[PDB]
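Following: one structure in structure tokens, then a few remarks.
Chains as they are written, first to last, in full-length UniProt numbering: chain A, 299 to 397; chain B, 299 to 439.
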């Protein structure tokens, strides 16, 4: 597969095909995040540092940004921030450790 | 038999055949593991060290990894990690030795040769556990 993003007009050459059609890019505020798992060992240098991810790793994207998924990356779930007043709280469970 | 993995396009030459078709590779997080038994003495150097396995050996694979089964390896069971809160636990039984114990605290995936044990209680004690919560509270009846 091959991912094409941006302003671009092209013809589908004989053999090529779109997977699901023309898709719109994820656009995210700071109240919004994406949970998305790797499928292969991959690298992505968005900032100066390089984040690596092994074959089954989930991770969380967040912030004012636009994100287009890679071919090696599947998107699992869209998250939102929970607006917590001071002296209000939730009970989270870190399921890797259990705490 | 012969196992072909990866991005590859080929023709089935005259005589050849697929065993069950185009199959998708096992992909595993750290909450997931595979139990899979050998059928012949085999070697596999995934890391620098070499693990050997005799003809009937089960073992457990775990982690962020992708795994394609060998022709000498049969897959028995898919495991998941049990999310255990602190001060919560399960009763595992190592069936090679027999020693049932209690593993309490962190999350736990049952290794090779471990099974879940069931703790039964004497009659009426379960009625005391579920019904009577706080004997300072509901001690009236």
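The beta carbon of each residue, even a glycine, is placed where N, CA and C say it ideally should be.
At least one C-beta of chain A is nearer than 8 Å to the C-beta of residue 381 of chain B.
Look at the stretch 324 to 354 of chain B: the residues with a C-beta under 9 Å from a C-beta of chain A are 325, 326, 327, 328, 329, 330.
Bounds of the beta strand (DSSP E) holding residue 414 of chain B are 412 to 414. Listed along the chain, the chain B residues whose CB falls inside 8 Å of the CB of residue 396 of chain A are 381, 382, 383, 384, 386, 403, 404, 405. In chain order, 387 place their CB closer than 6 Å to the CB of residue 402 of chain B, counting only its own chain and leaving out the 5 sequence neighbours on each side. Boundaries of the alpha helix (DSSP H) around residue 423 of chain B: 423 to 428. Non-local C-beta neighbours of residue 310 of chain B in its own chain, meaning closer than 8 Å and more than five positions away in sequence, comprise 316, ordered along the chain. Residue 383 of chain B carries a coil assignment under DSSP once its states are collapsed to helix, strand and coil. According to DSSP, residue pairing for residue 392 of chain B in a beta bridge involves B:412.
Around the C-beta of residue 399 of chain B, fewer than 16 other C-beta atoms lie within 10 Å, and the residue is accordingly described as exposed. With a threshold of 8 Å between beta carbons, residue 376 of chain B makes no contact with chain A. For residue 330 of chain A, the enclosing beta strand (DSSP E) stretches over residues 330 to 336. A direct Cα-to-Cα measurement between residue 308 of chain B and residue 365 of chain A gives close to 35 Å.
Across the stretch 407 to 421 of chain B, no CB contact with chain A closer than 9 Å is found for any residue. At a cut-off of 8 Å, the C-beta of residue 371 of chain A has no neighbouring C-beta in chain B.
In this structure residue 371 of chain B is not in contact with residue 408 of chain B, their Cβ atoms being roughly 20 Å apart against a cut-off of 8 Å. Residues of chain B whose Cβ lies closer than 9 Å to the Cβ of residue 393 of chain A are, in chain order, 329, 379, 381, 405. Contact check for residue 413 of chain B against residue 391 of chain B passes: the beta carbons are separated by less than 8 Å. Residue pairing by DSSP places residue 358 of chain A opposite A:333 in a beta bridge. A Cβ-Cβ distance of about 23 Å is found for the pair residue 319 of chain A and residue 335 of chain A, leaving them out of contact under the 8 Å criterion. Taking the Cα of residue 360 of chain A as reference, the smallest distance to any Cα among A:339, A:333, A:380, A:382 is reached at A:333.
For residue 377 of chain A, the uninterrupted beta strand (DSSP E) segment begins and ends at 371 to 378. Residue-level contact check: residue 363 of chain B touches chain A, since one or more beta carbons of chain A fall below 8 Å from its beta carbon. Taken atom to atom, the span from the alpha-carbon of residue 331 of chain B to that of residue 325 of chain B is near 10 Å. Annotation: residue 375 of chain B to residue 348 of chain B spans about 23 Å, alpha carbon to alpha carbon.
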